[PDB]
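A.B. asks: need coordinates for the below:
(chains A, B and C)
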Amino acid sequence: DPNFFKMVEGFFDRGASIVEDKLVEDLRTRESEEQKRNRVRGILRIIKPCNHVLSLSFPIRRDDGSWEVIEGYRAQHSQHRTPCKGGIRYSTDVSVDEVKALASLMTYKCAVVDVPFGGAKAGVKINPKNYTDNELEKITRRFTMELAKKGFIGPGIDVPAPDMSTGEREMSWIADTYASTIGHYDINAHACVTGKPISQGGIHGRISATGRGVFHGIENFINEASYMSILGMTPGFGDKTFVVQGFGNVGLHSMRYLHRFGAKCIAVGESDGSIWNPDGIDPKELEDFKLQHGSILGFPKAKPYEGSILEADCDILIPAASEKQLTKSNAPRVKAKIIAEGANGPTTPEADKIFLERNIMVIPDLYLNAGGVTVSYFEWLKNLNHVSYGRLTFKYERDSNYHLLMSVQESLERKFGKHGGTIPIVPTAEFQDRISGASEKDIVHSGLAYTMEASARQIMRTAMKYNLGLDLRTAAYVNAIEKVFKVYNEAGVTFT
Amino acid sequence: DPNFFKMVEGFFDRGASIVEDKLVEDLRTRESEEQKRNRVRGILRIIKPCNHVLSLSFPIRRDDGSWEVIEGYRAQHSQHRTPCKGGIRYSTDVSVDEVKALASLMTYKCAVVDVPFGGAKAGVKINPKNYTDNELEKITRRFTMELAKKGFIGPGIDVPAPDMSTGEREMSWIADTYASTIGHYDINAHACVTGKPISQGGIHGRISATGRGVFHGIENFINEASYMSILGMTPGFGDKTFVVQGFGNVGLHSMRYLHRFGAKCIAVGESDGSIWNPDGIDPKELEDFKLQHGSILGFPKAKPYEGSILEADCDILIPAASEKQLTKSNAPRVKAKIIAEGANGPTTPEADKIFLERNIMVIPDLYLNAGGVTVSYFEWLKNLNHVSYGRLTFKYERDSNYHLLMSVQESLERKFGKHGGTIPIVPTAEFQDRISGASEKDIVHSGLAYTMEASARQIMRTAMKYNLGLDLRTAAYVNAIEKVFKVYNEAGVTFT
Amino acid sequence: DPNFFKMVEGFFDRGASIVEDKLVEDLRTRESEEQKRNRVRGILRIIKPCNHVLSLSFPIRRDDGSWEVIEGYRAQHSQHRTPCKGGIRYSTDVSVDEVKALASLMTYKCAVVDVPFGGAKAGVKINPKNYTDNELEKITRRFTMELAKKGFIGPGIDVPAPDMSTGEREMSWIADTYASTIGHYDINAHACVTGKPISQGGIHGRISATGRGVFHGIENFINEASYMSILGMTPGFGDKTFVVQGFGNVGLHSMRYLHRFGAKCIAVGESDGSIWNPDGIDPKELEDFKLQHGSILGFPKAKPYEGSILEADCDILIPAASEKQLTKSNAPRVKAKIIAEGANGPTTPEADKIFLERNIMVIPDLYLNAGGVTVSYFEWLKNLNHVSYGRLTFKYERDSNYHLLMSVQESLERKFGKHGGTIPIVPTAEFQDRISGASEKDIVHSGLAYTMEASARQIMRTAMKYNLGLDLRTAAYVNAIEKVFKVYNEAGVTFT
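C.D. replies: Residues are numbered from 1 along each chain as shown, chains lettered A, B, ... in the order given. Dropping the coordinates below:
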């Protein structure tokens, strides 16, 4: 097993070269001046290497009066897009190469689902468990301050986010610290970080974003003929059955949505044991079980399955937890036809190769979990807009729908002397629900589905463009690399 | 042979501990609340770690039309004193740890010569020899731009300076770029870096600052009875004889001032051979000979000495070049009773131990070549004063001195009916020169002398305080550590 | 007994109306257009009212996890002079009027000793006793924070200072909170408040400032014939014999300097009992007694005196404590011929009336204790200068004195063939101390003594101009009022 640094770096280099040739010729080598068009590919070079990375060793006074110095890092891969966007990890295994790499991932991820950010990331070598809440506040703020002062947090410069180890609490604190300090004069200060609590300027529909994103990703591909054929899919008896490894935020919701739409959740597996049932697990139930107490283990209506679930027989397996789970080791023993990476780096570059060979379609992480980036973009926006989505349109929209209906009625009632006969004005019970429920998430969710969709088709058009099979992952990186490159190309360097 | 990182770390630790006991008790333990006065030592752990360190990767378009991405670093050790001060090195062997250490050194050096700057330092992994002039201007500016956006350059934030691999040229460029770009609105923009040409806001008496510093350092200790006894010095036949290793800027001047005052420069080395002559080597002559062609090799009035000039029989030995020359491998074989570190880290910790056993006094680097870092403070101040020193007072001063002399005169003449008899009015030829020379340097040099002098006495007072012998080095670092600690103590942390 | 508000308002009107007449005519009514010269005295009605007053209500989390909101106020009497200068008080009786009034007092006081500051002053209703150090820090930084967001602390805006209830701690915190927060990007951020610790950017000579100031005040009038006649002073048997009420920081040094220069301290009283000894009390000895333990009660070499020392028979009586001690009640029973207000408001307007009738000279608080304010200017200056006074000239200066002396010598030794005969070169012992001891406080004290002096004259010249007697108080206020007026007058309003 290799590490994300080499992996991602591979990913970039594989794509990078595939793009070169083409990127030269037909797309811009129409004006081949000095045939040094190859030389201008220096852009790529520039791109690849995380641009800035900042290490810091700041202090805090631990509740017991003592003094500890905490280290941390925040890298910023690219600023080809003004605000850098990236999460903040709190784990004692964080390492400048970790961040440097993920921050790289970030920029290419954003590009895929056309979000205007540069990729960045941070880690605070710390184990959240070994510190009292108060101490954690202390740390996040002081971290924020340092980050501000040196240009690593700012609405228009770099906007952090959470990451498993960190949640809306950290994030609110960040926001607050900035806003009351370095950013006291910024009308958009609270747009310095995303993932905030709704009461703090957070966007609704955040939680379920990552997961719903995974849903749609699978959806746009599982509804596509061409692909489903090559696997033999969009089947009658096979239809839809999926196994989801990891019942965390993203797995859970990812099961929710896959269910609601006619899919059977065969098996779910945690850090402990696993669950199985060919009839199907019900999200709500399993969710309320997991919550009510500890884990899924012993779930009533589910026989404890053993043997990595990764080798369960189903159509879609979604790795939603630990890194590199599918390796060259069990890669030739997976049953599922579709692998949907709902986590980051759940499959090794060698496993990718096995899968390719044995026609298994892998929906890349780069894409599949870009839903939470996407919705952050939205939170960001909502914080500039200084208003919650829908606020100034919902009711106007309602009014306008009724008139539309009223016009169909009145009109139809001109083809039969009446005045109450034909009633179209009545919206479908579904429509009526939507009308009376109109709230931010609706618009977010909708936005999310619009990007995931567009992007999927973009990937797909690129896989063809560069003749890759079910090699979505590399079509994806190529996609992002063509993007980032253009922006550079259509400018220069400092002669940009 | 260690490495500055461990070495300087050592130093810090050695002295830190020495300070801990004393620092706690009689200096502030008067009020020992909770006896947790040993816990509030945390301050020392905050101090040791170089606070911020930024790595970059920026591109430049080489003259041939190709694209290259350069890496570089800049670390700021402390900000306990607003403007961090530090050089910029251009060498292929630069490395995060290097800068993280030299920075560290800086802070402590400054705090010795009471210079209100935190320490910092940078490196741009490059070989100034594989680039054209034009390509070096491009690298130095971009480098400045990026440092500026992130908080590494700034009159009141961080103010860089040169380092062998870089000179005024690079500095002027830095200054300019800053003042034209990020620092356009800053009335002190040009103060963003020191070591600039005179025409670009430099100070006079910079070139001879380091050397003249070494000199006075040696001077304040050589004229101190106490010390020159425990060495059996301030002798009649021994008087003053020295050997200097390295004829670069700092060595040369060092020889020039040591001479002019009544010393005999027996030997002079270089990266090639060496020189010898028990009758003395003339500084002006050797200077011209080292300038008028290659190196000092074959100097006429010198016999090519051979056998590490470090051994050489002489009173004072001034390492002015390579790092860690005097190691635990020739340390027992030295002949000079005084080691005068006119270069950074010329002697290894182990060698420090040997010298300390065989009563050899070593004048620290942290102190003996803090001259530049003194005159740089001056440059900066000159850049804030928006005037040259003296400008407004010289002539006023002259006027006043002739009134003083004139009053003595007139006054005496009233003790003998005369009108042209006694003539004090006439200033001494020396005074007259000073009076018709009066320039900035005259003020800088004096300032240098005042600092070196007061600092020496400070070092001394500390050695005594902590009963160290001719162990200046750790007296120094203590001195520093005390200083730094005090600023921190009289505030807190973020409860500072 | 009245209240500063009314008192300091009475002072301003009384003088205001004297300024009017004159201020109109001669001085400017040379070009009396529309004889509306009277109407342009609106300036004086603009002047009199404290321009801005800010009331706060902020919270802190007491150690015991609870929450308490604190209420404070900062008033800015005038901004005719960019930085408003003024202390911060921590006392549960602090009111809006109390600050509005004292801020007033500031501006006029600063005028008197020609300090370019607008008056200011703030209070935080609080008892520094019912709060832990940690709680105090939290209150002074939040407080600052607030002040800084609303324009009440800034190096070019408003610069606070201590006040009995507070000290260098509070300040240093303020400094620091401000420099690490709202003032992060300000090269002068540490200039936002004076009274800091020397390790924090304080100035040397601060502690003794106020007292020295008193001393010089008393001096400049004692040495003036005209005045000392009207009292029958500058005696032979009387000579100099004073009684100081209060042995705090001011009262103590007052006694120190009044003694070093010939006076006899006959009595010293505190908040307990009082001392007495016709022969005299020695400052160092009473200052080591007070310190070594509790008070000065039972000082050997001192009989306990009883019966308000205000009525003691001596020449100079300096009230350096409690407000309004000398009232119309004891006023008639005072024996001193000179009342030197070392404190603020030690004498009530009706007492001033008695003293005036019985020909007792009272040196006003607006002037006598303007020493601290003076030095603070200097500290603020020091901070802009970014250097300690004397740092670049002391040695230059030394080196010059010597050529001066070596020029008298050489020259005299031309009037008798000799080379070592005459020996001027040798400074006096006193000169030699000074030479060795050259430090900031030297320069500062000298500045203080230049200002206190000028100003004394200035006041004098005005008490003559406006024909007052030994009514220095009013002469002073008038002197301030004439000043502030000018600065407004030489511009306008917004048509300024």
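
A.B. asks: spatially nearest residue to residue A:95, not counting backbone neighbours?
C.D. replies: In this structure, residue A:95 finds its nearest non-sequential neighbour in residue A:123, 7.2 Å apart by C-beta to C-beta, 6 or more residues apart in numbering or on different chains. Every residue, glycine included, has its C-beta placed from N, CA and C.

A.B. asks: after the helix or strand encompassing the one you found comes which helix or strand?
C.D. replies: Element membership for residue A:123 (DSSP states H and E) is strand A:118-124. Sequence-wise, the next helix or strand downstream of strand A:118-124 (DSSP H and E) is helix A:133-149.

A.B. asks: quick one: is the helix or strand following that next one near chain B?
C.D. replies: Sequence order places strand A:158-159 as the next helix or strand after helix A:133-149, per DSSP H and E. No. Using C-beta under 8 Å from any C-beta of the partner chain, strand A:158-159 stays clear of chain B, with a minimum separation of 10.7 Å.

A.B. asks: which outside residues touch strand A:158-159?
C.D. replies: A:74, A:76, A:83-86, A:117, A:120, A:147, A:151-153, A:191-194, A:376, A:380 (C-beta atoms under 8 Å, 6 or more residues apart in numbering or on different chains).

A.B. asks: is it correct that residue A:290 is in contact with residue A:296?
C.D. replies: Yes. Using C-beta atoms under 8 Å, residue A:290 is in contact with residue A:296, at 5.3 Å.

A.B. asks: anything in contact with each of the two?
C.D. replies: With C-beta under 8 Å, 6+ apart, residue A:290 and residue A:296 have common neighbours residue A:247.

A.B. asks: and these two? which has more neighbours close in?
C.D. replies: residue A:296 (21 against 18; other C-beta atoms under 10 Å in any protein chain shown).

A.B. asks: how near is the more buried one to residue A:340?
C.D. replies: Per C-beta to C-beta, to the nearest Å, residue A:296 is found 20 Å from residue A:340.

A.B. asks: any idea how chain A splits into domains?
C.D. replies: Domain segmentation of chain A under curated CATH domains yields A:1-51, A:52-200, A:201-495.

A.B. asks: what's the most buried one of the ones you listed?
C.D. replies: For the domains of chain A, the largest average neighbour count (mean count of other C-beta atoms under 10 Å in any protein chain shown) is found in domain A:52-200, namely a mean of 21.

A.B. asks: so how far does that domain reach from one end to the other?
C.D. replies: End-to-end distance of domain A:52-200: 30 Å, with C-alpha to C-alpha, to the nearest Å as the criterion.

A.B. asks: got the domains of chain A as TSV, with distance to residue B:249 columns?
C.D. replies: Output for the domains of chain A, formatted as TSV (distance: least, C-beta to C-beta, whole Å):
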stretch	distance to residue B:249
domain A:1-51	36
domain A:52-200	33
domain A:201-495	33
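
A.B. asks: what's the closest of the ones you listed to residue B:129?
C.D. replies: Smallest distance to residue B:129 across the domains of chain A (C-beta to C-beta): 22.3 Å, for domain A:1-51.

A.B. asks: and that closest one with chain B, contact?
C.D. replies: Yes. Domain A:1-51 is in contact with chain B by C-beta under 8 Å from any C-beta, via A:36, A:39-40, A:42-43, A:45-46, A:49-51.

A.B. asks: so which pair among those is furthest apart in space?
C.D. replies: Of all pairs in the residues of domain A:1-51 next to chain B, the most separated under C-beta to C-beta is A:36 and A:50 at 27.3 Å.

A.B. asks: quick one: residue A:279 from residue A:265, how far?
C.D. replies: 10 Å.

A.B. asks: hmm, I was thinking of residue A:286
C.D. replies: Taking C-beta to C-beta, one finds residue A:286 at 8 Å from residue A:265.

A.B. asks: overlap in contacts of those two?
C.D. replies: residue A:255.

A.B. asks: mind checking how far the strand holding residue A:123 is from the chain centre?
C.D. replies: 15 Å (C-alpha atoms, centre = their mean, to the nearest Å).
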